[PDB]
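Accompanying notes for the structure given below.
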Ligand SMILES: C[C@]12CC[C@@H]3c4ccc(OS(N)(=O)=O)cc4CC[C@H]3[C@@H]1CCC2=O
Ligand SMILES: [Zn+2]
């Protein structure tokens with residue numbers, strides 16, 4: 001009886017195995033745009049993905065992860081609210097059963113159709129596993145998806161999903177350029193938070209871009225054909241793999257922009 005997104009194992013059950021679920025810096029949150037304070041001390045974000053080397057795409061039973069070779073200092077996030085340098089290890093999405101929900105963060109309670117997370121680990125902790133034990137171990141860049149025009153840079157991801165339909169399937173996925181998933185503007189909100197799935201570790205500096213990307217209805221419909229279940233198990237469509245907004249508690253959301 002492992003965690004998931006269903007009635008019996010979903011977000012409102014996670015605290016039993018992961019008591020930090022009710023902790024002081026849980027994610028995601030609602031971003032109240034009027035209460036978020038402009039911080040002129042925040043730097044422009046530095047997103048350096050020119051040398052990013054993707055290796056593989058994996059259906060892990062709760063999402064699909066596009067994994068990167070992080071053996072060298074290549075694809076790095078720095079600046080913005082960050083001290084030091086954070087290395088890209090994977091990206092994944094959260095999405096809905098319908099276009100009207102799917103994002104984890106919300107903006108003045110607005111839910112987007114989906115949300116992209118680019119996960120980076122702080123190089124001062126040597127690897128991904130040690131970094132998640134530290135309050136500044138990860139930086140996750142969050143990008144909202146709305147349904148409209150297709151995102152050409154997403155189609156290579158959409159087209160491989162047929163080959164990883166079920167939990168535990170992986171496929172070679174080399175030479176994928178994540179620069180094709182970024183909006184024009186790097187304006188952002190930032191706050192200290194957590195992983196949004198178990199083990200819900202409070203190790204993340206969240207950086208959430210203001211500008212959504214547009215994807216087509218057909219692109220997000222193909223996300224919704226994936227399966228939570230393994231091959232030869234009862235088919236459970238991989239939809240609504242988002243955690244709802246959690247209490248902000250003693251936190252401030254800062255804006256990079258006026
Ligand atoms: C803690 C973790 C690294 C981070 C992993 C992670 C990262 C992001 C994530 O999603 S999110 N939405 O917080 O970016 C989920 C998970 C669950 C498995 C987690 C892994 C389990 C063992 C390990 O080393
Ligand atoms: Zn995520």
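So basically every Cβ, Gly included, is an ideal-geometry build from the backbone, and we count neighbours across all protein chains shown. Every number here is computed from the coordinates shown, using simple stated rules; none is lab data.
Modelled this way, with points 7 Å down the Cα-to-C-beta line, the labels at residue 35 and residue 184 are 3.1 nm from one another. Under 11 Å from a point 7 Å along the Cα-to-Cβ line of residue 162: which residues of the stretch 218-239 have their amide N that close? No residue passes the distance filter. Distance between the 7 Å Cα→Cβ label points at residue 252 and residue 16: 4.0 nm. Compute a Gaussian network model of the chain, connecting alpha carbons closer than 10 Å, and tell me which residue from 211, 67, 184 fluctuates the most. Highest fluctuation of the listed residues: 184. Among 105, 62, 34, the largest mean-square fluctuation in a Gaussian network model of the chain, built with springs joining Cα atoms closer than 10 Å, belongs to 34.
Report relative contact order for the chain in percent, whole number only (criteria: Cα-Cα under 8 Å, sequence separation at least 6).
Relative CO of the chain lands at 26 percent.
Rounded is the label for the chain, because a/c, from the alpha-carbon gyration tensor with a ≥ b ≥ c as root eigenvalues, stays below 1.5.
Comparing the stretch 75-209 with the 2.2 N^0.38 Å rule of thumb, its C-alpha radius of gyration ratio is 1.08 (two decimals). Along each principal axis, taking the top coordinate minus the bottom one, the Cα set of the stretch 27-90 gives 40, 29, 16 Å in descending order. Contact order for the stretch 147-244, expressed relative to its length and based on alpha carbon pairs under 8 Å spaced 6+ residues apart, stands at 34 percent.
Note on the chain: helix-only mean residue ellipticity at 222 nm, from DSSP H runs of 4+ residues weighted -39500 (n - 2.57) and normalised by residue number, equals -1500 deg cm²/dmol.
For residue 46 and residue 72, what is the calculated FRET efficiency with R₀ set at 22 Å and r taken between the beta-carbons, to the nearest 0.05?
0.80
For the stretch 1-128, count all C-alpha to C-alpha pairs, find those more than 18 Å apart, and express that count as a whole percent of the total.
In whole percent, the long-distance tail amounts to 68.
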